[PDB]
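Data first, discussion second: the structure below is written as structure tokens.
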Amino acid sequence: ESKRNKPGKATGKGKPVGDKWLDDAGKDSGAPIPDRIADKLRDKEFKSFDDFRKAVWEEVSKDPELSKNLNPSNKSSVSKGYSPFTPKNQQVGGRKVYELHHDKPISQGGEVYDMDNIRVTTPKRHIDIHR
Amino acid sequence: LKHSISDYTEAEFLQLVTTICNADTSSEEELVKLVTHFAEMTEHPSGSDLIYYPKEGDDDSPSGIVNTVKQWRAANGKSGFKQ
Ligand SMILES: [Zn+2]
């Protein structure tokens, strides 16, 4: 019923990020998948994009270089594999957590699990990107 | 028990905040709904930022958050907890 529910292995390199990583998710094309995270997820098989998404945030929870920019409560969220909450001004109603976005649309044949085709966005920016 | 903060004793509200701060839910969806409810209950301008993006020098432990809510509502003409 959706292409994102077909199994696949994660691929791609990601990019270096700094402490402003999630701040960047509210801007432009969204933030890249951190190269550090991509290193750990590459070649793992996921049964769906939602399982890949859980894995991204679990890896964030385990990487002190990235988790240090989350407060205690958001650390709790990612420890469960949940997406962390964005600042209130980046939320849109019931969409309050960071969202994964595909730079090239899956509809146009963009890759579901290639992390070079994935970005981290805030709800506000994600809605705006798709227009 | 779900409609406004005067429906919560301070202890019950602390339970809600503790649940959120611990992400003590079996799904992300549940947690987000709890956070939305929190923001609606407190009526605080910061919304969920009280929990996830504290002002400098604000205590973001569960009890710290409950105290920040309690003091703000007290200072801004709003009703307080039950009991
Ligand atoms: Zn998107």
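Identifiers in the structure tokens: chain A, B, ... in order shown; residue index from 1 per chain; ligand index from 1 in order shown.
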Residue A:24: which residues within 12 Å, counting only C-alpha atoms, same-chain residues fewer than 4 positions away excluded, as a tab-separated table (two decimals) with C-alpha atoms, in the first residue's frame?
chain	number	residue	atom	x	y	z
A	17	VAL	CA	27.26	17.75	11.18
A	18	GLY	CA	27.87	19.97	14.18
A	19	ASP	CA	25.96	21.00	17.27
A	20	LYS	CA	23.51	22.99	15.13
A	28	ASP	CA	16.57	25.17	3.58
A	29	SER	CA	16.49	21.55	2.40
A	30	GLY	CA	16.66	20.18	5.91
A	31	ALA	CA	19.70	18.71	7.67
A	32	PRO	CA	21.67	15.71	6.38
A	33	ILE	CA	21.87	12.33	8.02
A	34	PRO	CA	25.10	12.57	10.09
A	86	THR	CA	11.40	20.30	18.14
A	90	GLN	CA	8.83	24.71	14.66
A	98	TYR	CA	11.44	15.95	13.81
A	119	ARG	CA	17.01	14.85	5.38
A	120	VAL	CA	15.94	15.74	8.90
A	121	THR	CA	13.26	18.43	9.00
A	122	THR	CA	11.05	20.19	11.52
A	125	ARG	CA	9.97	23.24	7.38
If we count only C-alpha atoms, what is near stretch 42-49 of chain B at a cut-off of 7 Å, once residues fewer than 3 positions away on the same chain are taken out, given as a PyMOL selection string? (chain A and resi 87-88) or (chain B and resi 5+35+38-39+52-54+69)
Closest-contact table, chain A side, partner chain B, 6 Å, counting only C-alpha atoms, as a tab-separated table:
residue	atom	partner	partner_atom	distance
A:73	CA	B:21	CA	4.5
A:76	CA	B:23	CA	5.4
A:77	CA	B:23	CA	5.3
A:82	CA	B:28	CA	5.6
A:87	CA	B:49	CA	6.0
Give the alpha helix (DSSP H) residues of stretch 40-77 of chain B, as DSSP finds them on the backbone, and put them as a VMD selection string. chain B and resid 40 to 42 49 to 52 62 to 75
Which chains and residue numbers are within 6 Å of ligand 1, counting only C-alpha atoms and all ligand atoms, if I want them as a PyMOL selection string? chain A and resi 101-102+126
Need to verify the contact set: residue A:46, 7 Å, only C-alpha atoms, exclusion of same-chain residues closer than 5 positions in sequence. Can you return it as a PyMOL selection string? chain A and resi 7-9+51-52
Export, as a PDB file, in the first residue's frame, the selected residues with N, CA and C atoms.
ATOM      1  N   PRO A   7      10.827  -3.837   2.365  1.00  0.00           N
ATOM      2  CA  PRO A   7      12.149  -3.973   2.989  1.00  0.00           C
ATOM      3  C   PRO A   7      13.293  -3.441   2.134  1.00  0.00           C
ATOM      4  N   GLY A   8      14.346  -2.964   2.787  1.00  0.00           N
ATOM      5  CA  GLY A   8      15.531  -2.551   2.060  1.00  0.00           C
ATOM      6  C   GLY A   8      16.702  -2.397   3.010  1.00  0.00           C
ATOM      7  N   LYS A   9      17.915  -2.365   2.476  1.00  0.00           N
ATOM      8  CA  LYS A   9      19.080  -2.060   3.300  1.00  0.00           C
ATOM      9  C   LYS A   9      19.464  -0.589   3.172  1.00  0.00           C
ATOM     10  N   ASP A  51      10.784   1.544  10.535  1.00  0.00           N
ATOM     11  CA  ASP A  51      11.821   0.852  11.303  1.00  0.00           C
ATOM     12  C   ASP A  51      13.204   1.494  11.137  1.00  0.00           C
ATOM     13  N   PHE A  52      13.505   1.962   9.930  1.00  0.00           N
ATOM     14  CA  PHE A  52      14.745   2.707   9.699  1.00  0.00           C
ATOM     15  C   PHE A  52      14.760   3.975  10.561  1.00  0.00           C
TER      16      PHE A  52
END
Just the strand (DSSP E) stuff from stretch 55-127 of chain A, please, per backbone DSSP, written as number ranges by chain. A: 99-102, 118-121
Closest of A:67, A:79, A:107, A:11 to residue A:45 - atom-to-atom distances counting only C-alpha atoms: A:11
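Atom pair atom CA of residue B:63 / atom CA of residue B:14 has a distance of 6.8 Å (rounded to one decimal).
Ranking B:11, B:34, B:17, B:1 by their shortest atom-to-atom distance to residue A:96, with only C-alpha atoms included, puts B:34 first.
In this model, the gap between atom CA of residue B:66 and atom CA of residue B:9 comes to 11.3 Å.
In this model, the gap between atom CA of residue A:81 and atom CA of residue A:54 comes to 4.6 Å.
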